[PDB]
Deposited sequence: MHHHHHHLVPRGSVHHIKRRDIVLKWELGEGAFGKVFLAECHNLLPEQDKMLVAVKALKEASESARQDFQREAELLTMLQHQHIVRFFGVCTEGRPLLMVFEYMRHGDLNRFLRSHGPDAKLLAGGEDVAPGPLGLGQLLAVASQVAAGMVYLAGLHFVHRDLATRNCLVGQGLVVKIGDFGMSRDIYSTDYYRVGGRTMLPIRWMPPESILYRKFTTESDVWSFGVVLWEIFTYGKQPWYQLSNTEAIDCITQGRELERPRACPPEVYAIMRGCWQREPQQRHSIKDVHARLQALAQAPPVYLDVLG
């Protein structure tokens, strides 16, 4: 499960939260092994007696998944950045085992883009789309610096919090977001993550449309492996499409670096370019 992260070694133990300090409210979702709940957490942060958090409950007993649980928690406690999901700790007293994360009030970024298409309710403007893209790219610069390969960067795996703050997580193959070498050879690197970031840019600029939406799963695999490129979205300025093309170079060593992609998006976000569809 975490074999590709073997080079990442924790400095310290995970934060432990007493079960009685967690008060479950309602389900936010499920999926990947499995249930996510909104909850109140007591005695976590000094500033607030009680605070909202998101709690993931482990389904398995197992005891293989217990080893995976501990390793996952150890890796998540290392990820400390403004644009990476914030992990608060575990609860190991009793069953099921719990993982506690920061509550991000606006939910996943894919749903957010779809519900704010053509909080402040309404369509997201160019400056806002660039700000979302810049934040994801900032998170990816941090991951590249840690030599951490995400492997499933997609808007469904990002969260939106207070003031449109965006953070990268992984809520649980995402073939449509993968480069040819990942599909064909399961080669996952900083370079395959940058290709997926180019696909995330495409999702942002299409307001959360599915990549290769016109194709079946089989047609998409073949088209990616044969070298076809996603079309420039209507809301996408030329400056932004050039970034996508840089992320999508067939040769991984030719792809633009995430530091340059982030710096370019910062430059555009702090402007933005005078672009009208």
Legend entry - Coordinate gaps, deposited numbering: 119-128, 183-200, 306-308
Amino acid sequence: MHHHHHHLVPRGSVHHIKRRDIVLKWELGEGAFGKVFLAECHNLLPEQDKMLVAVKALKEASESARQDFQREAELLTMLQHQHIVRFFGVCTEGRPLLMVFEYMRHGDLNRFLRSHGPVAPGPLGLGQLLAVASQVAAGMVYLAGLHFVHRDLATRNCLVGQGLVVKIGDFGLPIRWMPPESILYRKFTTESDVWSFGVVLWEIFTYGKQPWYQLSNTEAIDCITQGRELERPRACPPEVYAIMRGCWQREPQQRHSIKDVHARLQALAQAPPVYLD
From here on, numbers count along this sequence of modelled residues.
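Throughout, rigid core stands for the largest set of C-alpha atoms superposing within 1.5 Å between the two forms.
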Legend entry - Divergent stretch in 9 other deposited structures of this protein, 105-113 or 163-171 [C-alpha RMS, superposed by the core]: 163-171
Legend entry - More variable segment, 200-208 or 87-95 [Cα RMS over structures in 9 other deposited structures of this protein, core-superposed]: 87-95
Legend entry - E219 dropped in a third or more of the other entries: no
Inset, instruction - Tell whether, across the other compared PDB entries, at least a third have no coordinates for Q249. - result: no
Inset, instruction - Look over 181-189 and 149-157 in the entry and identify the one with the greater average Cα temperature factor. - result: 181-189
Legend entry - 254-262 versus 10-18 - greater average Cα B-factor per the deposited record: 10-18
Legend entry - Given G89, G198, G169, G122, the residue at which the Cα B factor reaches its maximum: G122
Legend entry - Given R245, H42, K59, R232, the residue at which the Cα B factor reaches its maximum: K59
Inset, instruction - Just say lowest, middle or highest third for the CA B-factor of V85 relative to the other modelled residues in its chain. - result: lowest
Legend entry - CA B-factor ranking of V53, expressed as a third of its chain: lowest
Inset, instruction - Could you say whether, by C-alpha temperature factor, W26 belongs to the lowest, middle or highest third of its chain? - result: highest
Inset, instruction - Please place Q162 in the lowest, middle or highest third of its chain by C-alpha B factor as given in the entry. - result: highest
Inset, instruction - Could you look up the Cα B-factor of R114 in the entry and say which third of the chain it sits in: lowest, middle or highest? - result: middle
